[PDB]
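Report on the structure given below.
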Amino acid sequence: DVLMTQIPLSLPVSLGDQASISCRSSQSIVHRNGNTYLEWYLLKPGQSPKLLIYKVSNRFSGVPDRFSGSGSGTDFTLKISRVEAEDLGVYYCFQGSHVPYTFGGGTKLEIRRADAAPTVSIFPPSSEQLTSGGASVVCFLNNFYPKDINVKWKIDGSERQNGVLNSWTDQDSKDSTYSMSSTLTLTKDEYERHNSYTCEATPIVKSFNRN
Amino acid sequence: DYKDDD
Amino acid sequence: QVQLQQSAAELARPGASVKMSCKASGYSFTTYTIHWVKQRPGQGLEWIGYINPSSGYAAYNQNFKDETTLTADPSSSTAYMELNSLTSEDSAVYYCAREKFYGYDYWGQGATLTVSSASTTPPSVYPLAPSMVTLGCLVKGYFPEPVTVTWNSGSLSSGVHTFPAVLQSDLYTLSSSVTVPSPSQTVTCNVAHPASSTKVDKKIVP
Ligand SMILES: [Cl-]
Ligand SMILES: [Cl-]
Ligand SMILES: [Cl-]
């Protein structure tokens, strides 16, 4: 099979700068008809893949002129000038010349921007959940930068590690921030026996008292 | 293949 | 307008078969091929095969040929992919896309296939009630993926974060948060669970 290898794996870019992604085929991808069926796709968060470039260098209708494709032989390049926040996502090259058709492994473009502190919110278990016998304590850390953030739980002042699951969004294409949920799931039995619940973002702190 | 007609 | 509309997410048992559909509208169906692409976390995108409705010919990736049959019904402008001998390796999002010499210009919306012996379980939706106010939406205990969350039937789109689900004890859970400015201007999360054909609305009260 034709192996399609992309460089780099991760492409952080500051807004307004240029960027390029390389795609190298393991053999020539010229069809016997003389065409080179090399395409570039962008997979944006929550969307189906979008065509950018076909036949090496032909922009698809609606794609801005900031995107351009070039190459021959076995090395193909996608260039983006004046990167915008809407350009984040996973870029794939693809060859449609020789069956089986093959995709590159993907390059994740991310926006590098200034640091931003999270907006932190905490929520006790709802009455509806508690009636059924479960107790989810939920904490949102919204619109922060960079992606790496530590969340810490305290239950009446003592650190709490069991029953915490964390989940991050993809990068926001409006403000280039990230958000995360942290969820402490207890039994109602366990929830009922403690008063103070804290989530700390690192230190931005939000807590409540009930049980 | 179908691309022969391109 | 050109559109590729896939069948809904679905659950299949190990060892069974499943038939996934792609209804093409907005063009002369026989004049474009339909290809199928598999998306599985950590595995990028894989090409499965294509069918050319004009000729009837389907091409297959050798890695998929023994588990895959592609068909197309010109009369209904629908392409199908049947997967046999299912295993958990087949759990993925599957797309269809059309192609005739200019790349995959239009795609279906994708369909999540889960291969499991587990039953379908609809979500329980709980309120997360409190210049700017953050409200939310805990969507607990559903199977299989996905759920979709909107706010105010999609009329409220700005300031939303719907987090990826986490799997625990064979069930999924996720939360959605919304932020609005502090009259009769209410806030309702709308949760759809296509694999169980269930929709729930939860109006957030203080
Ligand atoms: Cl053909
Ligand atoms: Cl299996
Ligand atoms: Cl095309």
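In the structure tokens, each chain is lettered A, B, ... as it comes, each chain's residues begin at 1, and ligands are numbered from 1 in order of appearance.
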
Range 178-185 of chain C surroundings by only C-alpha atoms, 7 Å radius, close-in-sequence under 5 positions cut, as a PyMOL selection string: chain C and resi 131-136+159-161

Requested write-out: N, CA and C atoms of the selected residues, as a PDB file, in the first residue's frame:
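Wrote it out as result.pdb, contents follow:
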ATOM      1  N   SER C 131     -23.169  39.458  36.436  1.00  0.00           N
ATOM      2  CA  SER C 131     -22.968  39.816  35.002  1.00  0.00           C
ATOM      3  C   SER C 131     -23.305  38.630  34.090  1.00  0.00           C
ATOM      4  N   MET C 132     -22.583  37.512  34.274  1.00  0.00           N
ATOM      5  CA  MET C 132     -22.753  36.297  33.484  1.00  0.00           C
ATOM      6  C   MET C 132     -23.075  35.133  34.419  1.00  0.00           C
ATOM      7  N   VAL C 133     -24.042  34.295  34.022  1.00  0.00           N
ATOM      8  CA  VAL C 133     -24.453  33.125  34.788  1.00  0.00           C
ATOM      9  C   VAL C 133     -24.111  31.876  33.974  1.00  0.00           C
ATOM     10  N   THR C 134     -23.511  30.862  34.624  1.00  0.00           N
ATOM     11  CA  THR C 134     -23.269  29.562  34.007  1.00  0.00           C
ATOM     12  C   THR C 134     -24.295  28.563  34.548  1.00  0.00           C
ATOM     13  N   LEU C 135     -25.014  27.904  33.621  1.00  0.00           N
ATOM     14  CA  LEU C 135     -25.965  26.840  33.897  1.00  0.00           C
ATOM     15  C   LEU C 135     -25.499  25.594  33.153  1.00  0.00           C
ATOM     16  N   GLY C 136     -26.088  24.439  33.471  1.00  0.00           N
ATOM     17  CA  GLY C 136     -25.687  23.245  32.752  1.00  0.00           C
ATOM     18  C   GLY C 136     -26.647  22.074  32.890  1.00  0.00           C
ATOM     19  N   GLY C 159     -21.599  30.545  23.758  1.00  0.00           N
ATOM     20  CA  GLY C 159     -21.257  30.316  25.160  1.00  0.00           C
ATOM     21  C   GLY C 159     -21.526  28.899  25.679  1.00  0.00           C
ATOM     22  N   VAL C 160     -21.600  27.899  24.782  1.00  0.00           N
ATOM     23  CA  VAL C 160     -21.908  26.513  25.126  1.00  0.00           C
ATOM     24  C   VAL C 160     -20.598  25.725  25.132  1.00  0.00           C
ATOM     25  N   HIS C 161     -20.417  24.803  26.090  1.00  0.00           N
ATOM     26  CA  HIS C 161     -19.368  23.797  26.072  1.00  0.00           C
ATOM     27  C   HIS C 161     -19.989  22.448  26.426  1.00  0.00           C
TER      28      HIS C 161
END

Spatial neighbours of residue 3 in chain B, max dist 12 Å, only C-alpha atoms, sep filter under 3 positions, as a PyMOL selection string: (chain A and resi 30-37+96-99) or (chain B and resi 6) or (chain C and resi 32-33+52+99-103)

Close residues to ligand 1 using only C-alpha atoms and all ligand atoms, limit 10 Å, as a PyMOL selection string: (chain B and resi 1-5) or (chain C and resi 33+50-59)

Nearby polymer residues, ligand 2, at most 8 Å, only C-alpha atoms and all ligand atoms, as a PyMOL selection string: chain C and resi 14-15+86-89+115-116

Residues near residue 39 in chain C, cut-off 9 Å, only C-alpha atoms, skip fewer than 5 positions along chain, as a PyMOL selection string: chain C and resi 44-46+92-95

Sel. of strand (DSSP E) residues, range 95-196 of chain C, as a short mmCIF file (atom, residue, chain, number, x, y, z; two decimals) with N, CA and C atoms, in the first residue's frame:
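Resulting contents of part_21.cif:
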data_model
loop_
_atom_site.label_atom_id
_atom_site.label_comp_id
_atom_site.auth_asym_id
_atom_site.auth_seq_id
_atom_site.Cartn_x
_atom_site.Cartn_y
_atom_site.Cartn_z
N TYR C 95 -18.11 7.28 7.84
CA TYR C 95 -18.64 8.34 6.92
C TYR C 95 -18.80 7.71 5.58
N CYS C 96 -19.77 8.30 4.84
CA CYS C 96 -19.79 8.24 3.38
C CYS C 96 -19.43 9.61 2.80
N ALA C 97 -18.88 9.52 1.58
CA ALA C 97 -18.51 10.74 0.87
C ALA C 97 -18.66 10.43 -0.59
N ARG C 98 -19.01 11.48 -1.36
CA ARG C 98 -19.08 11.35 -2.85
C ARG C 98 -17.77 11.85 -3.46
N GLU C 99 -17.50 11.33 -4.66
CA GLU C 99 -16.23 11.59 -5.37
C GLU C 99 -16.43 11.34 -6.87
N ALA C 111 -21.87 8.17 11.17
CA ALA C 111 -22.74 7.31 11.97
C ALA C 111 -21.85 6.48 12.90
N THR C 112 -22.16 6.57 14.20
CA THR C 112 -21.39 5.84 15.19
C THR C 112 -21.92 4.43 15.32
N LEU C 113 -21.07 3.45 15.06
CA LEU C 113 -21.39 2.04 15.25
C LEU C 113 -20.72 1.57 16.54
N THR C 114 -21.53 0.98 17.44
CA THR C 114 -20.98 0.33 18.64
C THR C 114 -21.31 -1.15 18.56
N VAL C 115 -20.26 -1.97 18.73
CA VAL C 115 -20.45 -3.42 18.74
C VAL C 115 -20.32 -3.90 20.20
N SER C 124 -30.33 9.73 31.69
CA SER C 124 -30.99 10.54 32.70
C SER C 124 -30.41 11.94 32.59
N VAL C 125 -31.26 12.96 32.49
CA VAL C 125 -30.82 14.35 32.34
C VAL C 125 -31.12 15.09 33.64
N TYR C 126 -30.07 15.62 34.28
CA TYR C 126 -30.22 16.36 35.52
C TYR C 126 -29.79 17.81 35.34
N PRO C 127 -30.48 18.74 36.03
CA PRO C 127 -30.11 20.15 35.96
C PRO C 127 -28.87 20.46 36.80
N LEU C 128 -28.04 21.36 36.26
CA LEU C 128 -26.97 21.99 37.00
C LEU C 128 -27.37 23.46 37.13
N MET C 132 -22.58 37.51 34.27
CA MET C 132 -22.75 36.30 33.48
C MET C 132 -23.07 35.13 34.42
N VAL C 133 -24.04 34.29 34.02
CA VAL C 133 -24.45 33.12 34.79
C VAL C 133 -24.11 31.88 33.97
N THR C 134 -23.51 30.86 34.62
CA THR C 134 -23.27 29.56 34.01
C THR C 134 -24.30 28.56 34.55
N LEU C 135 -25.01 27.90 33.62
CA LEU C 135 -25.96 26.84 33.90
C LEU C 135 -25.50 25.59 33.15
N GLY C 136 -26.09 24.44 33.47
CA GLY C 136 -25.69 23.24 32.75
C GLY C 136 -26.65 22.07 32.89
N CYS C 137 -26.08 20.91 32.54
CA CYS C 137 -26.80 19.80 31.98
C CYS C 137 -26.02 18.51 32.23
N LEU C 138 -26.39 17.66 33.21
CA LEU C 138 -25.64 16.42 33.40
C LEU C 138 -26.43 15.30 32.73
N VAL C 139 -25.77 14.62 31.79
CA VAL C 139 -26.37 13.59 30.98
C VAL C 139 -25.71 12.27 31.36
N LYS C 140 -26.39 11.46 32.19
CA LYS C 140 -25.77 10.37 32.92
C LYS C 140 -26.36 9.03 32.49
N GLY C 141 -25.49 8.02 32.39
CA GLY C 141 -25.91 6.64 32.38
C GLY C 141 -26.52 6.16 31.08
N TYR C 142 -25.96 6.59 29.94
CA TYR C 142 -26.51 6.19 28.65
C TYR C 142 -25.57 5.24 27.91
N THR C 148 -26.50 14.11 21.58
CA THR C 148 -26.34 15.49 21.16
C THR C 148 -27.09 16.39 22.12
N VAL C 149 -26.46 17.51 22.45
CA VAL C 149 -27.04 18.49 23.36
C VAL C 149 -27.16 19.81 22.61
N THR C 150 -28.36 20.40 22.64
CA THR C 150 -28.59 21.78 22.26
C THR C 150 -29.22 22.54 23.41
N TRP C 151 -29.25 23.86 23.27
CA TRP C 151 -29.90 24.75 24.21
C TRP C 151 -30.94 25.59 23.47
N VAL C 160 -21.60 27.90 24.78
CA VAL C 160 -21.91 26.51 25.13
C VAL C 160 -20.60 25.73 25.13
N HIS C 161 -20.42 24.80 26.09
CA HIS C 161 -19.37 23.80 26.07
C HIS C 161 -19.99 22.45 26.43
N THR C 162 -19.98 21.52 25.47
CA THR C 162 -20.41 20.15 25.68
C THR C 162 -19.17 19.27 25.73
N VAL C 166 -17.38 10.19 29.19
CA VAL C 166 -16.49 9.25 29.87
C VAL C 166 -17.28 7.97 30.10
N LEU C 167 -16.58 6.83 29.95
CA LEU C 167 -17.14 5.50 30.11
C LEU C 167 -16.79 5.02 31.51
N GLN C 168 -17.81 4.61 32.27
CA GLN C 168 -17.60 4.06 33.60
C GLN C 168 -18.69 3.02 33.86
N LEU C 171 -21.33 2.46 31.11
CA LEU C 171 -22.28 3.52 30.75
C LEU C 171 -21.52 4.84 30.58
N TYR C 172 -22.06 5.70 29.73
CA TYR C 172 -21.45 6.97 29.41
C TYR C 172 -22.11 8.10 30.18
N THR C 173 -21.30 9.12 30.41
CA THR C 173 -21.76 10.33 31.06
C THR C 173 -21.02 11.52 30.49
N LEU C 174 -21.77 12.61 30.32
CA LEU C 174 -21.21 13.88 29.91
C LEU C 174 -22.02 15.01 30.51
N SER C 175 -21.44 16.20 30.46
CA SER C 175 -22.09 17.41 30.90
C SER C 175 -21.96 18.49 29.82
N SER C 176 -22.93 19.43 29.81
CA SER C 176 -22.94 20.59 28.95
C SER C 176 -23.14 21.82 29.83
N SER C 177 -22.36 22.87 29.57
CA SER C 177 -22.49 24.14 30.27
C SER C 177 -22.88 25.22 29.27
N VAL C 178 -23.68 26.19 29.72
CA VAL C 178 -24.05 27.37 28.95
C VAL C 178 -23.90 28.62 29.81
N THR C 179 -23.47 29.73 29.16
CA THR C 179 -23.29 31.03 29.81
C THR C 179 -24.10 32.09 29.08
N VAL C 180 -24.96 32.83 29.82
CA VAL C 180 -25.81 33.89 29.28
C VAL C 180 -25.77 35.13 30.18
N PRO C 181 -26.21 36.33 29.68
CA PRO C 181 -26.39 37.50 30.54
C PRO C 181 -27.48 37.35 31.60
N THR C 188 -33.38 25.94 28.36
CA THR C 188 -33.73 24.53 28.30
C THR C 188 -32.66 23.74 27.54
N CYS C 189 -32.09 22.69 28.15
CA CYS C 189 -31.23 21.82 27.38
C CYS C 189 -32.10 20.75 26.75
N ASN C 190 -31.73 20.41 25.51
CA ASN C 190 -32.41 19.44 24.68
C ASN C 190 -31.40 18.33 24.38
N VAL C 191 -31.66 17.12 24.85
CA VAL C 191 -30.74 16.00 24.73
C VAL C 191 -31.39 14.99 23.81
N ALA C 192 -30.66 14.55 22.80
CA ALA C 192 -31.10 13.52 21.88
C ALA C 192 -30.13 12.34 21.98
N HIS C 193 -30.69 11.13 22.05
CA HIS C 193 -29.91 9.91 22.12
C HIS C 193 -30.33 9.05 20.95
#

Alpha helix (DSSP H) per DSSP on the backbone: members of range 13-171 of chain A, as a compact mmCIF listing (two decimals) with C-alpha atoms, in the first residue's frame:
# COMPACT_ATOMS: atom_id res chain seq x y z
CA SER A 127 -32.45 16.72 43.99
CA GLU A 128 -33.60 14.59 41.03
CA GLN A 129 -30.31 12.65 41.00
CA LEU A 130 -30.25 12.25 44.82
CA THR A 131 -33.76 10.68 44.83
CA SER A 132 -32.38 7.93 42.55

Who sits within 10 Å of residue 197 in chain A, only C-alpha atoms, same chain under 3 positions skipped, as a list in words: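 Listing them by chain and then by number gives residues 122, 123, 124, 137, 153, 154, 155, 156, 157, 158, 160, 184, 191, 194, 206, 207, 208, 209, 210 and 211 of chain A.
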
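The chain A residues that come within 7 Å of chain C are residues 39, 48, 51, 54, 100, 101, 102, 103, 105, 106, 123, 126, 128, 129, 167, 168, 169 and 181 of chain A, with only C-alpha atoms taken into account.
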
Writer output for current selection, C-alpha atoms, as a compact mmCIF listing (two decimals), in the first residue's frame:
# COMPACT_ATOMS: atom_id res chain seq x y z
CA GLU A 39 -6.02 15.85 -1.52
CA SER A 48 -17.24 15.84 9.10
CA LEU A 51 -12.08 19.24 1.39
CA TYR A 54 -7.58 18.42 -4.73
CA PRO A 100 -6.17 1.01 -1.65
CA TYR A 101 -6.59 4.75 -1.23
CA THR A 102 -4.78 6.00 1.88
CA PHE A 103 -4.79 8.87 4.34
CA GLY A 105 -1.85 10.06 9.95
CA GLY A 106 -3.02 13.61 10.63
CA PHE A 123 -22.64 22.25 41.28
CA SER A 126 -29.41 17.80 41.99
CA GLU A 128 -33.60 14.59 41.03
CA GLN A 129 -30.31 12.65 41.00
CA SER A 167 -12.93 15.67 30.43
CA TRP A 168 -11.45 18.39 28.15
CA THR A 169 -13.04 20.08 25.14
CA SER A 181 -15.29 19.35 33.38

Atomic separation - CA of residue 152 in chain C relative to CA of residue 187 in chain C, Å: 6.2 Å

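Using only C-alpha atoms, the shortest contact distance between chain B and any of A:61, A:55, A:175, A:83 is found at A:55.
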
Point-to-point distance in Å for CA of residue 44 in chain A and CA of residue 109 in chain A: 9.9 Å

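Ranking C:31, C:123, C:84, C:157 by their shortest atom-to-atom distance to ligand 3, with only C-alpha atoms and all ligand atoms included, puts C:31 first.
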
Contacts of residue 73 in chain A within 9 Å, only C-alpha atoms, excl. fewer than 2 positions in-chain, as a ChimeraX atom specification: /A:24-25,27-30,71,75-76

Interatomic distance (Å, one decimal) between CA of residue 113 in chain A and CA of residue 14 in chain A: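 Pair CA of residue 113 in chain A / CA of residue 14 in chain A returns 6.3 Å.
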